[PDB]
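Colleague: File my_file.csv below, CSV, C-alpha atoms and all ligand atoms:
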```csv
chain,number,residue,atom,x,y,z
V,1,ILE,CA,-32.9,-0.9,4.7
V,2,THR,CA,-29.2,-1.2,4.9
V,3,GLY,CA,-27.5,2.1,5.7
V,4,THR,CA,-25.8,4.1,8.3
V,5,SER,CA,-27.4,5.4,11.5
V,6,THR,CA,-28.0,9.2,11.5
V,7,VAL,CA,-29.8,11.8,13.6
V,8,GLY,CA,-32.3,14.1,11.9
V,9,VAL,CA,-34.4,17.0,13.4
V,10,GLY,CA,-38.0,17.9,12.9
V,11,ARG,CA,-41.1,19.3,14.4
V,12,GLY,CA,-44.0,17.2,15.7
V,13,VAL,CA,-47.8,17.8,15.4
V,14,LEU,CA,-47.8,20.3,18.3
V,15,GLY,CA,-44.9,22.3,16.8
V,16,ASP,CA,-42.2,21.0,19.2
V,17,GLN,CA,-38.7,20.4,17.8
V,18,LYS,CA,-37.1,17.0,18.5
V,19,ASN,CA,-34.3,14.9,17.2
V,20,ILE,CA,-35.1,11.6,15.6
V,21,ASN,CA,-33.0,8.5,14.7
V,22,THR,CA,-32.8,8.0,11.0
V,23,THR,CA,-30.9,5.8,8.5
V,24,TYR,CA,-29.0,7.2,5.5
V,25,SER,CA,-28.7,5.4,2.2
V,26,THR,CA,-29.3,7.9,-0.7
V,27,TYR,CA,-32.3,9.2,1.3
V,28,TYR,CA,-32.7,9.6,5.0
V,29,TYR,CA,-35.3,7.1,6.2
V,30,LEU,CA,-37.4,7.0,9.4
V,31,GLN,CA,-35.5,3.9,10.6
V,32,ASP,CA,-34.1,4.0,14.1
V,33,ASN,CA,-31.4,1.3,14.5
V,34,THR,CA,-30.6,2.2,18.1
V,35,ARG,CA,-33.6,0.3,19.5
V,36,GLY,CA,-33.9,-3.4,19.1
V,37,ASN,CA,-34.3,-4.6,15.6
V,38,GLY,CA,-35.4,-1.1,14.6
V,39,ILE,CA,-38.3,1.3,14.6
V,40,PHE,CA,-39.6,2.0,11.1
V,41,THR,CA,-42.1,4.6,10.1
V,42,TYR,CA,-44.1,4.6,6.9
V,43,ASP,CA,-46.2,6.9,4.7
V,44,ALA,CA,-49.7,5.5,3.9
V,45,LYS,CA,-50.2,8.6,1.7
V,46,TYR,CA,-53.9,9.0,2.6
V,47,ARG,CA,-54.7,5.5,1.4
V,48,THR,CA,-55.8,2.4,3.4
V,49,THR,CA,-53.2,0.0,2.0
V,50,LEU,CA,-50.6,-0.9,4.6
V,51,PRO,CA,-47.9,-0.3,5.4
V,52,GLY,CA,-47.2,2.2,2.6
V,53,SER,CA,-43.6,3.3,1.8
V,54,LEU,CA,-40.8,3.6,4.4
V,55,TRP,CA,-40.6,7.3,5.1
V,56,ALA,CA,-37.8,8.8,2.9
V,57,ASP,CA,-36.5,12.4,3.2
V,58,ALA,CA,-33.9,14.2,1.1
V,59,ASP,CA,-32.1,16.3,3.8
V,60,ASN,CA,-32.8,14.7,7.2
V,61,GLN,CA,-34.8,17.8,8.3
V,62,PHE,CA,-38.5,17.1,9.0
V,63,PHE,CA,-40.2,20.5,9.4
V,64,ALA,CA,-42.9,20.3,6.8
V,65,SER,CA,-46.5,20.1,7.9
V,66,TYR,CA,-46.8,16.7,6.2
V,67,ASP,CA,-43.8,15.4,8.2
V,68,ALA,CA,-45.2,16.2,11.6
V,69,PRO,CA,-47.3,13.0,12.2
V,70,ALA,CA,-44.3,10.9,11.1
V,71,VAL,CA,-41.9,12.7,13.4
V,72,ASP,CA,-44.2,12.0,16.4
V,73,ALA,CA,-45.1,8.4,15.5
V,74,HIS,CA,-41.4,7.6,15.2
V,75,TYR,CA,-40.2,9.6,18.2
V,76,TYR,CA,-43.0,8.4,20.6
V,77,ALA,CA,-42.5,4.8,19.5
V,78,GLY,CA,-38.9,5.2,20.6
V,79,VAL,CA,-39.9,6.7,24.0
V,80,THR,CA,-42.4,3.8,24.5
V,81,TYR,CA,-39.6,1.3,23.6
V,82,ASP,CA,-37.4,3.0,26.2
V,83,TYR,CA,-40.1,2.8,28.8
V,84,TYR,CA,-40.6,-0.9,28.4
V,85,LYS,CA,-36.9,-1.7,28.3
V,86,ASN,CA,-35.7,0.6,31.2
V,87,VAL,CA,-38.7,0.2,33.5
V,88,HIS,CA,-39.8,-3.4,32.9
V,89,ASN,CA,-36.8,-5.1,31.2
V,90,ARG,CA,-38.9,-5.8,28.2
V,91,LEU,CA,-37.3,-5.7,24.7
V,92,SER,CA,-40.0,-4.5,22.3
V,93,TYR,CA,-43.5,-5.8,22.2
V,94,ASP,CA,-42.6,-9.5,21.8
V,95,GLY,CA,-39.8,-9.4,24.4
V,96,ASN,CA,-37.3,-10.3,21.6
V,97,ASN,CA,-36.7,-6.9,20.1
V,98,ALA,CA,-39.3,-7.2,17.3
V,99,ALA,CA,-39.1,-4.4,14.8
V,100,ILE,CA,-41.7,-1.7,15.5
V,101,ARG,CA,-43.6,-0.5,12.5
V,102,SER,CA,-46.0,2.5,12.2
V,103,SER,CA,-47.8,4.1,9.3
V,104,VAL,CA,-49.1,7.7,9.3
V,105,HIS,CA,-51.4,9.6,7.0
V,106,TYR,CA,-53.7,6.6,7.0
V,107,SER,CA,-56.9,7.3,5.0
V,108,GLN,CA,-58.6,10.7,4.7
V,109,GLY,CA,-60.0,12.5,7.7
V,110,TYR,CA,-59.6,9.4,9.8
V,111,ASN,CA,-60.4,10.0,13.5
V,112,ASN,CA,-58.6,7.0,15.0
V,113,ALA,CA,-55.4,5.0,15.4
V,114,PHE,CA,-55.0,1.2,15.9
V,115,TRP,CA,-52.8,-1.8,16.1
V,116,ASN,CA,-53.7,-4.1,13.3
V,117,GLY,CA,-52.1,-7.3,14.6
V,118,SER,CA,-48.7,-6.4,13.0
V,119,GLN,CA,-48.2,-2.6,13.2
V,120,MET,CA,-49.5,0.7,14.4
V,121,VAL,CA,-51.6,2.9,12.2
V,122,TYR,CA,-52.5,6.6,12.6
V,123,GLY,CA,-55.1,8.7,11.0
V,124,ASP,CA,-54.7,12.5,10.5
V,125,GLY,CA,-58.1,13.3,12.0
V,126,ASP,CA,-60.6,15.5,10.4
V,127,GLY,CA,-59.1,18.7,11.9
V,128,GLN,CA,-62.1,19.2,14.2
V,129,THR,CA,-62.6,16.1,16.3
V,130,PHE,CA,-58.9,15.2,16.1
V,131,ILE,CA,-55.5,16.4,14.7
V,132,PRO,CA,-53.1,13.7,13.7
V,133,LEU,CA,-53.3,11.1,16.3
V,134,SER,CA,-49.6,10.3,16.7
V,135,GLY,CA,-49.3,13.7,18.3
V,136,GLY,CA,-50.4,12.1,21.6
V,137,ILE,CA,-47.7,10.2,23.4
V,138,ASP,CA,-50.5,8.4,25.4
V,139,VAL,CA,-52.1,7.4,22.1
V,140,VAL,CA,-48.8,6.0,20.6
V,141,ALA,CA,-48.1,4.1,23.8
V,142,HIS,CA,-51.7,2.9,24.1
V,143,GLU,CA,-51.3,1.4,20.6
V,144,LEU,CA,-47.9,-0.2,21.2
V,145,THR,CA,-49.3,-1.6,24.4
V,146,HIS,CA,-51.9,-3.5,22.5
V,147,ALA,CA,-49.0,-5.3,20.8
V,148,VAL,CA,-47.5,-6.1,24.3
V,149,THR,CA,-50.9,-7.5,25.4
V,150,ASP,CA,-51.3,-9.6,22.3
V,151,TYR,CA,-47.9,-11.2,22.9
V,152,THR,CA,-48.5,-11.8,26.6
V,153,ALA,CA,-51.9,-12.2,28.2
V,154,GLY,CA,-53.6,-12.2,24.8
V,155,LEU,CA,-56.9,-10.7,26.2
V,156,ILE,CA,-59.6,-11.2,23.6
V,157,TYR,CA,-61.1,-7.9,22.3
V,158,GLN,CA,-64.7,-8.3,23.6
V,159,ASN,CA,-66.7,-7.9,26.8
V,160,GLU,CA,-64.7,-7.9,30.1
V,161,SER,CA,-61.5,-9.3,28.6
V,162,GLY,CA,-61.5,-6.6,26.0
V,163,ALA,CA,-62.2,-3.9,28.6
V,164,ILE,CA,-59.1,-5.1,30.5
V,165,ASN,CA,-57.2,-5.1,27.2
V,166,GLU,CA,-58.2,-1.5,26.7
V,167,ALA,CA,-57.5,-0.5,30.3
V,168,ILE,CA,-54.0,-2.0,30.1
V,169,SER,CA,-53.3,0.2,27.1
V,170,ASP,CA,-54.7,3.3,28.8
V,171,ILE,CA,-52.7,2.5,32.0
V,172,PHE,CA,-49.4,2.0,30.2
V,173,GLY,CA,-50.1,4.9,27.8
V,174,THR,CA,-50.4,7.1,30.8
V,175,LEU,CA,-47.3,5.7,32.5
V,176,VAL,CA,-45.3,6.3,29.3
V,177,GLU,CA,-46.7,9.9,29.3
V,178,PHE,CA,-45.4,10.4,32.9
V,179,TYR,CA,-42.1,8.7,32.0
V,180,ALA,CA,-41.5,11.3,29.2
V,181,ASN,CA,-42.6,14.0,31.7
V,182,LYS,CA,-44.2,16.5,29.3
V,183,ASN,CA,-47.5,17.7,30.6
V,184,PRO,CA,-48.4,14.4,32.1
V,185,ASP,CA,-51.9,13.6,33.4
V,186,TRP,CA,-54.4,10.8,33.9
V,187,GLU,CA,-56.5,11.8,30.8
V,188,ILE,CA,-56.4,10.0,27.4
V,189,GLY,CA,-55.8,11.8,24.1
V,190,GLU,CA,-55.9,15.4,25.4
V,191,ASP,CA,-53.0,16.4,23.1
V,192,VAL,CA,-54.8,15.5,19.8
V,193,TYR,CA,-58.6,15.7,20.7
V,194,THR,CA,-60.7,18.7,19.7
V,195,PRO,CA,-58.2,21.5,18.8
V,196,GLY,CA,-61.1,24.0,19.3
V,197,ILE,CA,-61.9,23.0,22.9
V,198,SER,CA,-59.3,23.3,25.7
V,199,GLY,CA,-59.2,21.0,28.7
V,200,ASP,CA,-61.1,18.0,27.4
V,201,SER,CA,-60.0,14.5,26.4
V,202,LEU,CA,-61.4,11.3,25.1
V,203,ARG,CA,-61.4,9.4,28.4
V,204,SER,CA,-60.4,10.1,32.0
V,205,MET,CA,-58.8,7.6,34.3
V,206,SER,CA,-59.1,9.7,37.4
V,207,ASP,CA,-62.9,10.4,36.8
V,208,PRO,CA,-64.1,8.2,33.9
V,209,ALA,CA,-67.7,9.4,34.5
V,210,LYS,CA,-66.6,12.9,33.4
V,211,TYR,CA,-67.1,11.5,29.9
V,212,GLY,CA,-69.8,9.1,30.7
V,213,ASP,CA,-67.7,6.0,31.3
V,214,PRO,CA,-68.5,3.8,34.3
V,215,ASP,CA,-66.5,4.1,37.5
V,216,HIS,CA,-68.1,1.2,39.3
V,217,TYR,CA,-69.0,-2.4,38.3
V,218,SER,CA,-72.7,-1.8,39.1
V,219,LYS,CA,-72.7,0.8,36.2
V,220,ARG,CA,-71.0,-1.4,33.6
V,221,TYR,CA,-72.4,-1.5,30.1
V,222,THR,CA,-74.0,-4.8,29.3
V,223,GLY,CA,-74.9,-4.4,25.6
V,224,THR,CA,-73.2,-5.2,22.3
V,225,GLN,CA,-72.0,-1.8,21.1
V,226,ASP,CA,-68.2,-1.3,21.1
V,227,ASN,CA,-67.5,-5.0,21.2
V,228,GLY,CA,-69.4,-5.2,24.4
V,229,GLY,CA,-68.2,-1.9,25.8
V,230,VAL,CA,-64.4,-2.3,25.6
V,231,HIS,CA,-63.7,1.5,25.6
V,232,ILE,CA,-66.6,2.0,28.1
V,233,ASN,CA,-66.1,-0.6,30.8
V,234,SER,CA,-62.4,0.1,30.7
V,235,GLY,CA,-63.3,3.0,32.9
V,236,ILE,CA,-63.9,0.7,35.9
V,237,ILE,CA,-60.3,-0.7,35.7
V,238,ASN,CA,-58.8,2.6,34.8
V,239,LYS,CA,-60.4,4.1,37.9
V,240,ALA,CA,-59.0,1.2,40.0
V,241,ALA,CA,-55.5,1.7,38.6
V,242,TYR,CA,-55.7,5.4,39.3
V,243,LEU,CA,-56.7,4.7,42.9
V,244,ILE,CA,-53.9,2.2,43.4
V,245,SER,CA,-51.4,4.9,42.3
V,246,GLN,CA,-52.8,8.1,43.6
V,247,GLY,CA,-55.2,7.1,46.3
V,248,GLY,CA,-58.7,8.4,47.1
V,249,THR,CA,-62.0,7.6,48.7
V,250,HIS,CA,-64.5,6.4,46.0
V,251,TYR,CA,-68.0,5.3,46.8
V,252,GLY,CA,-67.0,5.5,50.4
V,253,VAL,CA,-64.1,3.1,50.1
V,254,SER,CA,-60.7,4.6,51.0
V,255,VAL,CA,-57.5,3.7,49.1
V,256,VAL,CA,-54.0,4.6,50.1
V,257,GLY,CA,-52.0,5.4,47.0
V,258,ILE,CA,-48.7,3.6,46.4
V,259,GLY,CA,-47.5,5.6,43.4
V,260,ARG,CA,-47.1,5.1,39.6
V,261,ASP,CA,-44.0,3.0,39.6
V,262,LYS,CA,-45.5,0.4,41.9
V,263,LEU,CA,-48.8,0.5,39.9
V,264,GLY,CA,-46.8,-0.2,36.8
V,265,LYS,CA,-44.8,-3.1,38.4
V,266,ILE,CA,-48.0,-4.7,39.7
V,267,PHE,CA,-50.0,-4.4,36.4
V,268,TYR,CA,-47.0,-5.4,34.3
V,269,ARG,CA,-46.6,-8.6,36.3
V,270,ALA,CA,-50.3,-9.3,36.2
V,271,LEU,CA,-50.3,-8.8,32.4
V,272,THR,CA,-47.2,-11.0,31.8
V,273,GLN,CA,-47.6,-13.7,34.4
V,274,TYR,CA,-51.3,-14.2,35.4
V,275,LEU,CA,-53.8,-12.8,32.9
V,276,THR,CA,-55.2,-15.1,30.2
V,277,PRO,CA,-57.1,-14.5,27.0
V,278,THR,CA,-60.5,-14.8,28.7
V,279,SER,CA,-59.8,-13.2,32.1
V,280,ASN,CA,-62.7,-11.3,33.5
V,281,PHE,CA,-62.6,-8.4,36.0
V,282,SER,CA,-62.7,-10.6,39.0
V,283,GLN,CA,-59.8,-12.6,37.6
V,284,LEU,CA,-57.9,-9.4,37.0
V,285,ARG,CA,-58.4,-8.5,40.7
V,286,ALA,CA,-56.9,-11.9,41.7
V,287,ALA,CA,-54.0,-11.4,39.2
V,288,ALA,CA,-53.2,-8.0,40.7
V,289,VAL,CA,-53.5,-9.2,44.3
V,290,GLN,CA,-51.1,-12.0,43.5
V,291,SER,CA,-48.7,-9.8,41.6
V,292,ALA,CA,-48.5,-7.3,44.5
V,293,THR,CA,-48.0,-10.3,46.9
V,294,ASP,CA,-45.1,-11.6,44.8
V,295,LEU,CA,-43.4,-8.2,44.7
V,296,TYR,CA,-44.2,-6.7,48.1
V,297,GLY,CA,-45.4,-9.5,50.5
V,298,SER,CA,-48.9,-10.6,51.5
V,299,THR,CA,-49.1,-8.2,54.5
V,300,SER,CA,-47.8,-5.2,52.5
V,301,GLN,CA,-49.5,-1.9,52.1
V,302,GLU,CA,-49.3,-2.5,48.3
V,303,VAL,CA,-51.5,-5.6,48.5
V,304,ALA,CA,-53.9,-3.9,50.9
V,305,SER,CA,-54.3,-1.0,48.4
V,306,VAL,CA,-54.9,-3.2,45.5
V,307,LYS,CA,-57.8,-4.8,47.4
V,308,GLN,CA,-59.2,-1.5,48.5
V,309,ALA,CA,-59.1,-0.1,44.9
V,310,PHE,CA,-61.0,-3.1,43.5
V,311,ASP,CA,-63.4,-2.9,46.4
V,312,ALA,CA,-64.0,0.8,45.6
V,313,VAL,CA,-65.0,0.0,42.0
V,314,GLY,CA,-67.2,-2.9,43.0
V,315,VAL,CA,-65.0,-5.7,41.6
V,316,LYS,CA,-64.7,-8.7,43.9
O,401,LIG,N1,-59.6,-2.0,18.8
O,401,LIG,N2,-59.0,-0.8,18.4
O,401,LIG,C1,-59.6,0.4,18.4
O,401,LIG,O1,-60.8,0.5,18.7
O,401,LIG,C2,-58.8,1.5,17.9
O,401,LIG,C3,-58.5,2.4,19.1
O,401,LIG,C4,-57.8,1.7,20.2
O,401,LIG,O2,-56.6,1.6,20.1
O,401,LIG,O3,-58.5,1.3,21.2
O,402,CA,CA,-36.8,17.2,4.6
O,403,CA,CA,-50.8,15.3,28.9
O,404,CA,CA,-52.7,12.0,28.7
O,405,CA,CA,-59.4,19.6,23.0
O,406,ZN,ZN,-57.2,0.5,22.4
```
Would you encode the structure as structure tokens?
Modeller:
Amino acid sequence: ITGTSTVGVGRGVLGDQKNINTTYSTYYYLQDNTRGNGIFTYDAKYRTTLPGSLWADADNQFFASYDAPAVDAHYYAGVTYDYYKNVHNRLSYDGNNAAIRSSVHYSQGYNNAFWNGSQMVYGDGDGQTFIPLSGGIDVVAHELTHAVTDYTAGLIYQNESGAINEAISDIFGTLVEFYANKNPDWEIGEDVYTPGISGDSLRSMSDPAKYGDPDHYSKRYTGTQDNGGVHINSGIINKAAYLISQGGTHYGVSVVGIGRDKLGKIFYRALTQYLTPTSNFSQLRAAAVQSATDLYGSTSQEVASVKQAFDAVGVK
């Protein structure tokens, strides 16, 4: 809407206070005009019709329990925008400052979040498996990264291409979590998963097998569940990315880590210059090797480490 840019304050899903960019015109709206063509957060009001109504608040204070998922969806979308702009010189998901739209309170007891082709959508969880899913910065950045992928490589959402699509979202979701530097880790969803169980998460990048996901190509899922295992076989690529950044010896193959910032540069270049809608794992290895070569040189440690990491997970 048309109005003047303002700064509200509220509390997120985990009870942390944060400032949020709003817009005033009669009400205060969750509309951040400081980033691109705006970040807009909507109330789906427990329904499944999208987007719902642009979030409106009478006093610019967002401390009600009902407000918390909106505060975090809005704030973490901003952090993710800042990551892509400051770290990769990318302006929003399309590279042209497209407006970023999110809806919260989607459905009833909904244990998921997604990018629907046009916007991000967050359930509240059932209170046992999940709390509201926008409480996880890695979740928010994972979802916005699906938009980045769709506008760049365009990896189709099935089989190996879809597992790459998933791993890209887990990788950048994790790199955004490190960028914000609040309790960062290589786990996915730990801040919103199972409020009754400490120390778990939905997936692990450092040890995918902790939750049953494969960490080697020989262990890949070959059936039809989960669109051909997109959230399962992503573990193979997640492990490779983790090794590239942090190093390790895995199935007897030693990898010298090169750090998160270089991991991000290599995979961002692979995503935006070399991957295609039907790329498979072997083609991702080639894309990553070429990206590291472009950035660091063919004889560089960075290139050598990319090769070792894909070797360690059995991807030639
Ligand atoms: N394809 N989308 C989903 O399965 C929702 C969760 C995710 O973002 O991966
Ligand atoms: Ca209020
Ligand atoms: Ca964390
Ligand atoms: Ca995490
Ligand atoms: Ca938990
Ligand atoms: Zn995903």
Colleague: Which one is closest to residue 65 (chain V): V:45, V:13, V:29, V:138? Count all atoms listed in the file.
Modeller: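 Between V:45, V:13, V:29, V:138, the residue approaching residue 65 (chain V) most closely is V:13.
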Colleague: For ligand ZN 406 (chain O), list the contacting residues at 7 Å or closer, counting all atoms listed in the file, as a tab-separated table (two decimals) with C-alpha atoms, keeping the file's coordinate frame.
Modeller:
```
chain	number	residue	atom	x	y	z
V	114	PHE	CA	-55.00	1.20	15.90
V	142	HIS	CA	-51.70	2.90	24.10
V	143	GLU	CA	-51.30	1.40	20.60
V	146	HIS	CA	-51.90	-3.50	22.50
V	166	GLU	CA	-58.20	-1.50	26.70
V	169	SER	CA	-53.30	0.20	27.10
```
Colleague: Distance CA of residue 19 (chain V)-CA of residue 88 (chain V), one decimal place?
Modeller: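 These two atoms are separated by 24.7 Å.
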Colleague: Pick out the residues no farther than 12 Å from ligand CA 403 (chain O), counting all atoms listed in the file, and list them as a PyMOL selection string.
Modeller: chain V and resi 135-139+173-193+199-202+204
Colleague: Given a cut-off of 9 Å, what residues near ligand CA 402 (chain O) show up using only C-alpha atoms and all ligand atoms, put as a short mmCIF file (atom, residue, chain, number, x, y, z; two decimals) with C-alpha atoms, in the coordinates of the input?
Modeller:
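Saved as pocket-v9.cif:
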```cif
data_model
loop_
_atom_site.label_atom_id
_atom_site.label_comp_id
_atom_site.auth_asym_id
_atom_site.auth_seq_id
_atom_site.Cartn_x
_atom_site.Cartn_y
_atom_site.Cartn_z
CA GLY V 10 -38.00 17.90 12.90
CA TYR V 28 -32.70 9.60 5.00
CA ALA V 56 -37.80 8.80 2.90
CA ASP V 57 -36.50 12.40 3.20
CA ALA V 58 -33.90 14.20 1.10
CA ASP V 59 -32.10 16.30 3.80
CA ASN V 60 -32.80 14.70 7.20
CA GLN V 61 -34.80 17.80 8.30
CA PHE V 62 -38.50 17.10 9.00
CA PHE V 63 -40.20 20.50 9.40
CA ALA V 64 -42.90 20.30 6.80
CA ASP V 67 -43.80 15.40 8.20
#
```
Colleague: How would you write, as a PyMOL selection string, the set of residues no farther than 12 Å from ligand LIG 401 (chain O) when counting all atoms listed in the file?
Modeller: chain V and resi 110-117+119-123+133-134+138-147+149-150+155-158+162-170+173+188-189+202-203+225-232+234
Colleague: From the list V:205, V:16, V:236, V:43, which residue is nearest ligand CA 404 (chain O) when using all atoms listed in the file?
Modeller: V:205
Colleague: Can you tell me, as a list in words, what residues are no more than 12 Å from residue 265 (chain V) when counting only C-alpha atoms, ignoring any on the same chain fewer than 5 positions away?
Modeller: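 Non-adjacent residues within range: residues 84, 87, 88, 89, 171, 172, 175, 241, 244, 245, 258, 259, 260, 270, 271, 272, 273, 288, 291, 292, 293, 294, 295, 296 and 302 of chain V.
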Colleague: Quick check, in Å to one decimal: how far apart do CA of residue 124 (chain V) and CA of residue 109 (chain V) lie?
Modeller: 6.0 Å
Colleague: Expressed in Å to a single decimal, how great is the separation between CA of residue 118 (chain V) and CA of residue 100 (chain V)?
Modeller: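 Rounded to one decimal, the two atoms are 8.8 Å apart.
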Colleague: When you count all atoms listed in the file, which of these residues is closest to ligand CA 404 (chain O): V:15, V:206, V:82, V:218?
Modeller: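 For ligand CA 404 (chain O), the nearest of the candidates is V:206.
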